[PDB]
Amino acid sequence: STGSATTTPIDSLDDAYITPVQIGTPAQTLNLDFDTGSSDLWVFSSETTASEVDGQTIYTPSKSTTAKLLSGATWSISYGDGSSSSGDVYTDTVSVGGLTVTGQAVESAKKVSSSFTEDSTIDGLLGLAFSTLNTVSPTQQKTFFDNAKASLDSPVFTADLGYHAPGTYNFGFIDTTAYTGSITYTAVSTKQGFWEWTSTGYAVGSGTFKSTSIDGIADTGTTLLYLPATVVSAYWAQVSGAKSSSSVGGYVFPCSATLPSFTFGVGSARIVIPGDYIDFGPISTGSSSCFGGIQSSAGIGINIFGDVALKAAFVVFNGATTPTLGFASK
């Protein structure tokens with residue numbers, strides 16, 4: 001089997017992407033944030049504290065003839081941006097882009113933190129990291145991909161995120177029309193539960209490529225590209241007037257600037273992030289200070305190849321017995 005679903009930016013900045021997901025019988029379609037940096041499929045629901053729901057579409061398990069309470073199971077997750085959610089668990093039928101999994105753990109939120117409430121466009125998350133990170137207790141549950149894998153034509157999914165445009169998540173096949181050149185595959189460590197890999201270096205604009213190993217994670221659920229302070233400083237040094245602002249929380253730059261590209265290495269291959277992808281717009285409405293899309297990972301504890309990086313590529317998440325990651329230009 002295969003599936004193919006369009007993923008759509010939630011706003012004009014590509015802050016995140018939502019993908020429609022069918023849950024239950026009859027289907028309840030929720031728009032979920034596919035997140036290769038976590039491993040829980042959780043949804044706003046009829047169980048979510050009413051004051052914490054503001055415009056989201058909810059899953060109502062009592063209206064699904066295939067929903068079953070997973071007795072005794074609870075979940076609770078905290079993300080790198082400080083947001084969190086928790087609740088109980090149902091199993092139900094879940095379909096993405098025509099690919100159906102029966103008995104998928106659907107984690108129903110009883111509580112969500114303010115950032116989730118405040119984002120009316122995201123009805124929940126669909127985790128695509130390794131199931132070892134799944135938070136369901138006392139019986140850990142599998143991700144949608146893990147459950148689907150054996151049925152897939154090939155044990156892969158691909159992320160093809162758009163810049164200010166829709167893109168695609170495919171399951172079970174590689175669309176050879178969706179990228180240019182070849183896909184370069186690179187090793188993955190699953191030791192931390194992430195799609196963790198090592199970039200071979202970087203370049204800023206038309207500058208020379210610096211060969212240096214940068215371990216980080218391919219994380220569709222993180223907006224920006226978080227890299228070591230040395231790398232980030234080298235990038236922003238090429239933008240007149242750019243500076244790190246403690247008050248704003250990162251590098252900012254004059255909105256009048258034209259940003260240089262940023263290249264990262266995948267083996268001997270190179271992925272170029274155009275400068276415009278690195279512009280996250282005014283820090284506050286009407287400001288002429290703009291927020292940068294490349295930020296320091298110092299004090300995160302890990303480098304993160306988030307959407308800024310991934311949307312410059314066609315990315316293969318190869319879930320074979322030994323997982324790997326592939327990147328192609330597009």
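Residues numbered from 1 in each chain as written, not as in the entry; some residues may be left out. Heavy atoms only, no water. Residues with missing side-chain atoms left out of burial classes, pairs and counts.

Method-wise, the PDB entry is recorded as coming from X-ray crystallography, at a reported resolution of 1.1490 Å.

Comments concerning the pairing of strand β24 (residues 324-328)
Regular strands place their side chains on alternate faces of the sheet. To be explicit about the condition: Each residue's exposure class comes from its accessible area (1.4 Å probe, protein chains only) as a fraction of the maximum for that residue type: buried when under 20%, exposed when over 50%, partly exposed otherwise. The numbering of helices and of strands both runs from the N terminus, where a helix is a DSSP run of H or I of at least 4 residues and a strand a run of E of at least 2. Strand pairing is defined by DSSP finding a minimum of two bridges between the two strands.
Counted residue by residue, β24 has five buried out of five residues, so it is predominantly covered. The alternating pattern of β24 places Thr324, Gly326 and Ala328 on one face and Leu325 and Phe327 on the opposite face, and all of these are buried. One ladder, built from four bridges, connects strand β11 (residues 184-187) with β24; its direction is antiparallel. Looking across to β24, one finds that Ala187 is bridged to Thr324. Relative to β24, strand β23 (residues 314-318) is paired through five bridges, and the arrangement is antiparallel. Residue pairing across strands places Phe314 opposite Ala328, the latter belonging to β24. Connecting β23 to the antiparallel partner β24 that follows it, the hairpin turn spans five residues.

A word on the layout of surface pockets
Any space left empty among the atoms is revealed by the rolling of a water-sized probe across them. Filter applied, for reference: Using protein atoms alone on a 1 Å grid, points that fit a 1.4 Å probe yet trap it form a cavity, whereas open point sets bounded by protein on both sides within 12 Å along at least five of seven lines form a pocket; residues with an atom within 4 Å of a point count as lining. Grid points are joined across faces, edges and corners, and a volume is the space filled by probe spheres set on the points. In this classification, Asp, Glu, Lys and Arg are treated as charged, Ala, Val, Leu, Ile, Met, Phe, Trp, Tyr, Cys and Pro as nonpolar, and every other residue, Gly included, as polar. Domain limits in this description derive from either an automatic procedure or a database domain assignment.
Put simply, the largest pocket is a space of about 1100 Å³. Every element with two or more residues in the lining of the largest pocket is listed here: β3 (28-35), β5 (68-78) and α1 (114-117). Tallied by class, the residues present in the lining of the largest pocket amount to 17 nonpolar, eleven polar and nine charged. Residue assignment places the lining of the largest pocket across two domains, with domain 1 (5-174) and domain 2 (175-330) each supplying three or more.

Side note on the sheet that holds strand β19 (residues 279-282)
What counts here: To get an axis, a line is fitted to the C-alpha atoms, and for a helix only the part in contact is used. The angle between two axes follows their N-to-C directions and goes from 0 to 180 degrees.
One open sheet accounts for four strands, arranged β15-β16-β20-β19; its pairing is antiparallel. Both edges of this open sheet fall to β15 (243-245) and β19, since each of them pairs with a single strand only. On average, adjacent strands in this sheet sit at an angle of 40 degrees to one another, irrespective of strand direction. Relative to strand β16 (residues 250-254), β15 is paired through three bridges, and the arrangement is antiparallel. Counterpart to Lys243 in the pairing with β16 is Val252.

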